[PDB]
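Have a look at the structure below before the remarks.
Protein chains: 4
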Amino acid sequence: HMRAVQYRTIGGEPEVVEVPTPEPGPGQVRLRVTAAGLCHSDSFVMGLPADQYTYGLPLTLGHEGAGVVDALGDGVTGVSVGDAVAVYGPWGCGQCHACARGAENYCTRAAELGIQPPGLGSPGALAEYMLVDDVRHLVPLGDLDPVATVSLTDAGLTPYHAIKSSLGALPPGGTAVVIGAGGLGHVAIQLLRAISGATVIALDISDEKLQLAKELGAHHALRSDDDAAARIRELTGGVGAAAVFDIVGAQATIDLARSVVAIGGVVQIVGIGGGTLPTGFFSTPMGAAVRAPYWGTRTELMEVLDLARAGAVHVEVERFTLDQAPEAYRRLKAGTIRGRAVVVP
Amino acid sequence: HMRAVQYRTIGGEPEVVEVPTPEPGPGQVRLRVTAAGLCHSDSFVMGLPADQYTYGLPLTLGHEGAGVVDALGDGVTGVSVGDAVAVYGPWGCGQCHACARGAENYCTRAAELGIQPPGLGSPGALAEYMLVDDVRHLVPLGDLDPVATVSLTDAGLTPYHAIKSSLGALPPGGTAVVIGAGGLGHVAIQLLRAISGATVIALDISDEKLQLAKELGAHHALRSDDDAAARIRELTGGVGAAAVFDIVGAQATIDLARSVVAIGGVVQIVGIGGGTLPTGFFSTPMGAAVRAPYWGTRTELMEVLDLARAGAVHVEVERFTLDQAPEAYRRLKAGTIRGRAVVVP
Amino acid sequence: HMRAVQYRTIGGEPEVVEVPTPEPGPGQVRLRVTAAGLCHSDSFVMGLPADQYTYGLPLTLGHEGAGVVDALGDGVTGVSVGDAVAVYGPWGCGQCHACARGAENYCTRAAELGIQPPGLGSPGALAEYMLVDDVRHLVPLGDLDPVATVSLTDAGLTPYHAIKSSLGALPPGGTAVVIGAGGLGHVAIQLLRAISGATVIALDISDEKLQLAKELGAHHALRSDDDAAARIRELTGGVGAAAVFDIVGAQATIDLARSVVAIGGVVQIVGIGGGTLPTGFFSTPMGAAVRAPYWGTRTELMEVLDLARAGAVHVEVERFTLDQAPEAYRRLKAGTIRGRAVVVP
Amino acid sequence: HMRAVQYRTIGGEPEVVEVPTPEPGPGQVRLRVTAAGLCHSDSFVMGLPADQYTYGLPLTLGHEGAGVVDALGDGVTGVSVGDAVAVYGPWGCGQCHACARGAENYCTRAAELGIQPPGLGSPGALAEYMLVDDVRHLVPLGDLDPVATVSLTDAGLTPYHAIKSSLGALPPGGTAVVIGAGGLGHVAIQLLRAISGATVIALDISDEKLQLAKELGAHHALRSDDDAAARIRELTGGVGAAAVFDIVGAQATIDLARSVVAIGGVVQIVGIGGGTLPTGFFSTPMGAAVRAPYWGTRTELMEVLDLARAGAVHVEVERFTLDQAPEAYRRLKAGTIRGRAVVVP
Ligand SMILES: NC(=O)c1ccc[n+]([C@@H]2O[C@H](COP(=O)([O-])OP(=O)(O)OC[C@H]3O[C@@H](n4cnc5c(N)ncnc54)[C@H](O)[C@@H]3O)[C@@H](O)[C@H]2O)c1
Ligand SMILES: NC(=O)c1ccc[n+]([C@@H]2O[C@H](COP(=O)([O-])OP(=O)(O)OC[C@H]3O[C@@H](n4cnc5c(N)ncnc54)[C@H](O)[C@@H]3O)[C@@H](O)[C@H]2O)c1
Ligand SMILES: NC(=O)c1ccc[n+]([C@@H]2O[C@H](COP(=O)([O-])OP(=O)(O)OC[C@H]3O[C@@H](n4cnc5c(N)ncnc54)[C@H](O)[C@@H]3O)[C@@H](O)[C@H]2O)c1
Ligand SMILES: NC(=O)c1ccc[n+]([C@@H]2O[C@H](COP(=O)([O-])OP(=O)(O)OC[C@H]3O[C@@H](n4cnc5c(N)ncnc54)[C@H](O)[C@@H]3O)[C@@H](O)[C@H]2O)c1
Ligand SMILES: [Zn+2]
Ligand SMILES: [Zn+2]
Ligand SMILES: [Zn+2]
Ligand SMILES: [Zn+2]
Ligand SMILES: [Zn+2]
Ligand SMILES: [Zn+2]
Ligand SMILES: [Zn+2]
Ligand SMILES: [Zn+2]
């Protein structure tokens, strides 16, 4: 009754399939999906052994989502049919201390209740239609291009959160290091320019990507090679960086992060590369904080979208069809996407 | 020409000795020492191999210091002879971004210039007289008992700093875990009660010390045994603690710290136990920050002293003479001091 | 079909009346009311001319509310019948930037939509039953006495908000002035002791109330007479107070507030006494901020309730019956309530 | 023995005069002045009646100052002869809580001690040489053009301070209104773009100045006429601005400020136009804070200078000679300076 992209066999690839069109239960909303982002966390999931995977088969993929409100469920009010909306992804219980703050990303009782985001447990966005649990997980778009902006629901939000979190320890005139100019990283760079006073240093591996980073306003773009630590030291007295945003998060990049963060600095480990930064005396410098943030707050999403409208940040997009989505995943794992892959069905 | 307590042979014990009385150079001040604190960092130094030790022999010990201003050096103004003052210990360059903020503890150029605190590089406080480099490293006492308060220069300041740093992520009504109710820990407990809204949980090993902790306003005092993680979980939904202050900082206590900090929480690794908390995804929880703070800011010292005057915090003191100082160090390493050892010469 | 306290004639007194028992529409909840607070804002409303009054006649009064969940409306989930809950009063649209943050008190689109709190536009709490618009405006009590705590929904929340807002400019060891030790003021005092490091100075007019203030932990209790400014100056060098909380907010108390706030200080004008503080150069001191806060955030309510459970704050209550409510209002305007008047039906 | 610009007769104009070249006392430094800013506060002073003026005659003017260190005073170390430095102007006692923080602008004991800034009490910068009281009031320039940057010591610092102070209540994607695009205002605009996520709205009276404002990155430039309030309302839903920076501060501009600040917003009254914003219930909106900041912190100066080096902000300068300084003051009061008047002797 509708088409969708699903993960169905452990270790297998994602398939386009036919499945029922869902109806909105009470309190719920269904969207006609205008755009759908592909994130490298979607990759990480599909290469897990059968034992570590916990989202059930089948699973409709894709947790960056925008659309137009197709049908309203029982009792729902707040949004009309026809409204352009983005999906706030990191769903939570709505009532705990964090949720009440808007920070459903840090919900203290969601693992317990088995609340899961769309595309990471609940039916996701890579489909012609998707359901959203509740009205508070929708954010108005007005007249922002869904394709241009949908990726801000994660690729923007997540580093924005991490950056906004870091401005306490990142004074204007400071220096910030972004490791990885990928989907998040390339937005991370723009955001850092928009709202910190920092001198942004980007690091990636392909020159392709360094040029993009520099084009997106990075004051410096460097290879994350064995000379990277030295150059950053050079560029910052011998003081190091006030903030470091590791959007790779592997043991190598984390090691780099430790060796360059300044006294009293901060490291946001944003990417999931399987590493851990050993934080402590004579490991991390004095006053140096370390954190593995996760996604962002409800308000923070609205703030990122408001920045898009202002023209202070954008997603570099590479467009695909619903059918091309499996190919786009192969491109993403190959590392030959420029920015964000966005599927339009 | 005056008596003092010094460290002179690697691996040896501290000796009372006769040495010259120092004169204040230009910009400097000499104090007639009214009280002098003994900290377990003084211990840590003296058990280092010859290669890792870098403060020179001989070294006058003691970095908690108060007194009356004996003689003024050339050109000095700001304080008169006769003024009761405490010593702000973590000396810095005075001009960098941190120093200008008052945070000479996080001075970016002090290792370079070879600036060292009194008792950890420069002549310390365990003497009849000591020199202070500059007037900005003195804080008025008015009429606070030097013996009662001197330890607030470190035993208070350091956890105060760490606590004040944590209140962002420690909401009133939250829960805070203090591992170690020693010199710092027993002040840490009082401070947490004074200025957080938290339910303080203390952890130590002797029942002696738990009783003191509970007497000093800890809502709970627990053994840091293998049931400690469970009890903390029990006491906090299954949510864990918003803040954890490890005043031991060994690999065991750090492991405990990781297993009990809440989603979005913070761990201040205050003690130097040789461990490191492996911070990262699936190691630390989501949003969980980790930090190894060091001492505190100039303003923060004045704030702690203002709390003493208000009667909102005190040091439990165990008094000694200059001659008894070697014995007091043995007691401290034995772990049979109640609070802080303060020498009066 | 049920009894309630209502305001029905402009310039008239509140009457106990019989009215229909309400049923919960979809998304709504009905409570069996266990306790109901009386606030001096309820007074302010009833002495307005016909033209300035805008809540309609009749109006069920009372915006401090607790109870047990009687009946669930269509589609509602989140809370069961039988759950002990408090009402978060300052209702908002739920979707704007403020609301998403939890700060429905500062909702940017609520005047437009005509959203009104219970007891200040919607049917209130002084009844055997009341309706709440949505589940997010309920907060679990667990096993807190509804009578002991209900007033924390406003009498606690409002000054807590104002205090928490002020801690940026109120360092531990500072001085805070609370003008008015009434319903809010007497909780304000306790909160200031719980979570600031401040030396609290209370000011009222009856010695009755000063004694209560001092009993509740005020370091000083003074008459708000013509010597009040002088004494505060005396007590704080000649520096004045870092924070001032005017819980009266009349032109006299506001004038006092201006003349005693310190350089870089803050004034929270909490009470509605018809005055305005003229903020500006050579009126307010340099760096001195001034604000008229309103109520508090959703999370902030939960935080205050968590403080009650911890035993760090309580409401001094004076109990009444539903029938005695008109008399209790007369007592409140007469200024001969000790703390908060709470009606139990 | 050297030339200087002085104010010598009440109600009279500033004269170029010959006076002794000063020698540095102990702790002091003398600068060979490379550039010297002219601020409209220099104007405000000279039009005061004899009774309200308190800086003595004669007075060397000019409180924006840069130079090269000519001669060192007794005992001074920290800076060598030949070092390029800027002067941190708002001198304070160095020891109080504020000063220790770096915030000598909010020094609690400076009026008492009669400490006065250069150009506003002490010999100023409009001379061939000037003295600075102490080394901590100098900030390294490295190789920034003194003429290009000197005005950042006030024209930058002051609004930077006010802006940095406001970012709590100014979320990215918000809207900020800068009233007055003059000396401060034109830097204010750039700073707001550098480090807030805000949509900047500038307001001035000459189209000349609006064009400059828009050229300097203002998203909108409007006449501060009777339609100004309406347009701002239009541009921001009907919500108003999160932040408003009144760099005029007259009763008219303050009235505008009140009528456009949003619920929960902030107004920084930066300019000295003789007005006062009546802050209170039904005057200012709910949660709306109001403040008259003064200058900035020591660290904040270094941060602004670091932004200059980064190329994120600059002063639009109009250069003059020492002799032309009286004419430049006439131009400034006439309102026909474009940016900042900087004298080079
Ligand atoms: N914390 C969270 O909540 C969260 C949310 C979303 C994504 N993520 C994670 O962030 C990471 C990046 O996601 P993405 O969508 O940007 O992926 P992406 O494939 O779009 O981009 C990855 C980028 O990192 C670069 N890179 C790889 N190794 C590097 C190294 N050693 N040094 C420097 N650069 C290197 C690649 O060349 C590429 O530019 C992933 O691990 C993903 O799981 C985390
Ligand atoms: N970060 C800094 O700048 C800084 C400053 C001063 C001191 N310190 C460090 O803080 C630590 C404590 O200093 P102190 O002066 O309080 O020492 P102390 O000897 O006075 O107190 C130590 C306390 O920890 C307890 N303890 C030991 N092992 C424990 C465990 N596994 N679980 C729970 N409690 C345990 C002891 O019984 C004792 O009560 C030291 O390592 C010291 O070096 C750090
Ligand atoms: N900002 C908000 O959202 C908000 C919320 C609730 C209440 N309020 C306001 O707070 C104020 C107090 O409310 P309440 O319930 O505590 O009233 P209350 O009658 O319980 O207490 C008022 C107290 O102020 C004292 N007082 C009166 N004049 C004084 C003066 N000149 N100096 C010092 N003390 C004086 C009285 O003796 C009494 O102790 C009211 O104006 C109310 O409208 C504001
Ligand atoms: N708070 C402080 O510490 C501090 C420090 C320095 C200067 N100031 C004050 O800031 C103000 C501005 O200083 P400046 O050096 O930029 O002066 P300036 O003469 O360089 O600029 C003033 C600008 O305001 C504009 N203006 C005048 N009336 C206006 C109105 N009604 N609406 C909009 N714009 C208007 C003028 O056209 C001009 O562009 C002065 O009052 C000065 O005293 C305050
Ligand atoms: Zn993702
Ligand atoms: Zn939750
Ligand atoms: Zn120590
Ligand atoms: Zn330094
Ligand atoms: Zn009320
Ligand atoms: Zn709202
Ligand atoms: Zn000026
Ligand atoms: Zn001072």
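Residue numbers (the working numbering), protein chains in the order written: chain A, 4 to 348; chain B, 4 to 348; chain C, 4 to 348; chain D, 4 to 348. By construction, the Cβ of each residue, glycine as well, lies at the ideal position given by its N, Cα and C atoms.
I want to verify the contact list: residues of chain A whose CB lies under 9 Å from the CB of residue i, in sequence order.
i: D/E306; result: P174, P175, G176, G177, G200
i: C/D77; result: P29, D77, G78
Would you please state the rounded distance, in angstroms, between the beta carbons of residue i and residue j? I believe it to be under 8 Å.
i: A/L129; j: A/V8; result: 4 Å
i: B/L213; j: B/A224; result: 4 Å
i: C/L194; j: C/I166; result: 5 Å
i: C/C110; j: C/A101; result: 5 Å
i: C/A113; j: C/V180; result: About 32 Å separates the two Cβ atoms, so there is no contact after all.
i: B/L141; j: B/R33; result: That belief does not hold up - the Cβ atoms of B/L141 and B/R33 are roughly 11 Å apart, past 8 Å.
i: B/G186; j: B/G50; result: 17 Å between Cβ atoms; not a contact.
i: A/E306; j: D/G183; result: The pair is not a contact, with the Cβ atoms about 27 Å apart (cut-off 8 Å).
i: B/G30; j: B/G76; result: 6 Å
i: C/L160; j: C/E303; result: 6 Å
Candidates the options: which alpha carbon is nearest residue i's?
i: D/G59; options: D/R11, D/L75, D/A74; result: D/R11
i: B/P329; options: B/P17, B/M5, B/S83, B/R6; result: B/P17
i: A/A313; options: A/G276, A/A197, A/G277, A/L219; result: A/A197
i: A/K217; options: A/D230, A/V242, A/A233, A/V190; result: A/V190
i: C/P121; options: C/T152, C/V36, C/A151; result: C/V36
i: C/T178; options: C/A106, C/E115, C/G268; result: C/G268
i: A/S46; options: A/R333, A/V90, A/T202, A/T300; result: A/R333
For residue i, go through chain C and note every residue whose CB falls closer than 7 Å to its CB, in chain order.
i: B/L310; result: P175, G176, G200
i: A/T302; result: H100, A103, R104
i: D/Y297; result: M289, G290
Under 7 Å between beta-carbons, which chain A residues line up against residue i? List them in chain order, please.
i: C/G97; result: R139
i: B/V242; result: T111
Residue i touches chain B at which residues, Cβ-Cβ below 7 Å?
i: D/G81; result: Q98
i: A/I266; result: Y109, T111
Residues of chain A with CB closer than 8 Å to the CB of residue i, please, in chain order.
i: B/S46; result: By Cβ distance, chain A contributes nothing, its closest Cβ being about 15 Å from B/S46, past 8 Å.
i: B/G40; result: The contacting residues do not exist; B/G40 stays about 21 Å from chain A at best.
So which residues of chain D does residue i contact, with C-beta pairs closer than 7 Å?
i: C/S286; result: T279
i: A/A315; result: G200
Can you pull the chain C residues whose beta carbon is under 8 Å from the beta carbon of residue i, in chain order?
i: B/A197; result: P175, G200
So which residues of chain B does residue i contact, with C-beta pairs closer than 9 Å?
i: A/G252; result: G283, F284
Next on the checklist: Closer than 7 Å between beta carbons: that is the criterion. Which residues of the stretch 204-235 of chain A meet it against chain B?
Outcome noted: If the cut-off is 7 Å between Cβ atoms, the stretch 204-235 of chain A has nothing near chain B.
Item to check | Residue ranges of each alpha helix (DSSP H) within the stretch 314-342 of chain D, 4 or longer | outcome: Fully enclosed alpha helix (DSSP H) runs of no fewer than 4 residues occupy 328-337 of the stretch 314-342 of chain D, in order along the chain.
Next on the checklist: If we require 3 or more residues per run, which beta strand (DSSP E) segments fall completely within the stretch 116-140 of chain A?
Outcome noted: Taking 3 residues as the shortest admissible run, the stretch 116-140 of chain A contains the following complete beta strand (DSSP E) segments, listed from N- to C-terminal end: 132-135.
Item to check | Complete runs of the alpha helix (DSSP H) confined to the stretch 65-110 of chain D [at least 4 residues] | outcome: As for any alpha helix (DSSP H) of minimum length 4 sitting wholly inside the stretch 65-110 of chain D, the runs are 100-104, ordered along the chain.
Checklist entry - Taking any Cβ of chain C, which residues in the stretch 136-167 of chain B have a Cβ under 9 Å from it, in chain order? => result For the stretch 136-167 of chain B, which is checked against every Cβ of chain C, the residues closer than 9 Å are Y163, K167.
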